[PDB]
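In my numbering, the protein residues as written are 4 to 357.
All residues carry an ideal CB built from backbone N, CA and C; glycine is no exception.
I have placed the structure first, in the form of structure tokens, so that the comments after it can refer back to it.
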Ligand SMILES: CC[C@H](NC(=O)CCc1nc2ccccc2c(=O)[nH]1)c1ccccc1
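Put into structure tokens, the structure is as follows:
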């Protein structure tokens, strides 16, 4: 007979976050923004197998791009059969450049995290048998297996975070800070403790699609087989909020535009600095723990402060960006900070920005 729904334990801010990051509208919006045909690929129909077939088709395309084999056209057509796209019921375009191939890999990585959020929400048999259920938002929070604590104005780190955001965000249209949560994804702790000898820790921005926030809270920042970009197959961070905010896909809610950004503690250790793009990188050179694509600018190092997190000092930039004359000819306007092991980052904060 009828189960009791227990009252929600969550504060309003956290309720809104959990509503947003599991929202079916949000997920379908994201799919439409990536040109996917949501009518032929509904959320409940997404499968790991379908996604795996999509990567196989792109793998075949990539081989063709590097025979008497199938044309890029034919191979593209196969991809589009496996992963339905919407282009106003015109033909979808051929995947015939490295840039576009990577764009499709990135779409599929986002889609794989949407599928993860759907799988996560599957109702277990224990939940079918208990006579009282948590409020749906408590249930969704619990699935993350990630502790979130909303911070108020006088948490020790609050002003330091706000200063990082303000001093390194866009000069004309800085994102407006609404909330900060401390993030404790346990199961990150053990692997991150591995690098406690490794110095040079920095708190760095990671901006993303709203649609991958649940996945990240569940599994941490990840390097996937088809990950790539201007500095290769790693996890990308920025020291300038404005660089990371470029990757934030927010969603219109009422009269404003809501977005989420992370701050991670990154054990950078011995840095290798580059000044030109290298998409082929899969690790730092021998003897180095990270790769920094150095920008024309950097938050003024003289203003760096520190936080203490789990008894370690973590550098937090507090300065506006200034020119770095040694990197004035860099192919990078702003720095990209790369690690190539998922263990070298721990999620620390999540921010809601408008
Ligand atoms: C679009 C694919 C997506 N990656 C991201 O959301 C990271 C985006 C991002 N890139 C950066 C690049 C340089 C500097 C900073 C950033 C950043 O803050 N976010 C992704 C989603 C799921 C699984 C792996 C990767």
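- In the three-state reduction of the DSSP assignment, residue 49 falls in the coil class, being assigned neither a helical nor a strand state.
- If one requires a minimum length of 4 residues, the alpha helix (DSSP H) runs lying completely within the segment 168-242 are 192-196, 216-222, in chain order.
- Residue state for residue 161 is assigned as helix, using DSSP reduced to three classes.
- As computed with DSSP, residue 315 is found in a beta bridge with 312.
- About 6 Å separates the Cβ atoms of residue 167 and residue 320, confirming a contact at the 8 Å cut-off.
- Between residue 146 and residue 165, the C-beta gap is not smaller than 7 Å, which leaves the two residues out of contact.
- Where residue 277 is concerned, the enclosing beta strand (DSSP E) starts and stops at 274-277.
- Here residue 21 is near residue 140, since their CB atoms are less than 7 Å apart.
- Here residue 129 is exposed: its Cβ has fewer than 16 other Cβ atoms, across all protein chains shown, within 10 Å.
- The count of Cβ pairs closer than 8 Å, one atom from the segment 103-117 and one from the segment 18-35, reaches three, so the stretches are in contact.
- Annotation for residue 196: no residue places its beta carbon closer than 6 Å to its own, counting only its chain and skipping 5 residues before and after.
- Per DSSP, reduced to three states, the secondary structure at residue 113 is helical.
- Membership of residue 254 in the beta strand (DSSP E) is indicated by the continuous run 254-256.
- Checking the 6 Å criterion, the Cβ of residue 247 is within range of a heavy atom belonging to ligand 1.
- If you check the C-beta of residue 241 against ligand 1, you find a heavy atom less than 6 Å away.
- Here residue 60 really is in contact with residue 81; their C-beta atoms are around 5 Å apart, less than 8 Å.
- Relative to the Cα of residue 170, the nearest Cα in the group 307, 198, 350 belongs to 307.
- The beta-carbon separation of residue 318 and residue 206, rounded to 7 Å, stays under the 8 Å limit for a contact.
- Of the candidates 174, 86, 159, 7, 159 places its Cα closest to the Cα of residue 184.
- Per DSSP, reduced to three states, the secondary structure at residue 102 is helical.
- With contacts defined as CB atoms closer than 7 Å, residue 262 and residue 292 fail to qualify as a contacting pair.
- DSSP lists 301 as the beta-bridge partner residues of residue 325.
- Bounds of any alpha helix (DSSP H) do not take in residue 25, whose DSSP letter is neither H nor E.
- By the C-beta density criterion, residue 74 is exposed, having fewer than 16 other C-beta atoms within 10 angstroms.
- Residue 268 is classed as buried because its beta carbon has at least 16 other beta carbons within 10 Å across all chains shown.
- Beta-bridge annotation (DSSP): residue 86 is not paired with any residue.
- With a cut-off of 6 Å, the C-beta of residue 210 is classified as near ligand 1, since at least one heavy atom of the ligand falls inside that distance.
- Apart from sequence neighbours up to five positions away, the residues of its chain that approach residue 187 with a beta-carbon distance below 6 Å are 150, ordered along the chain.
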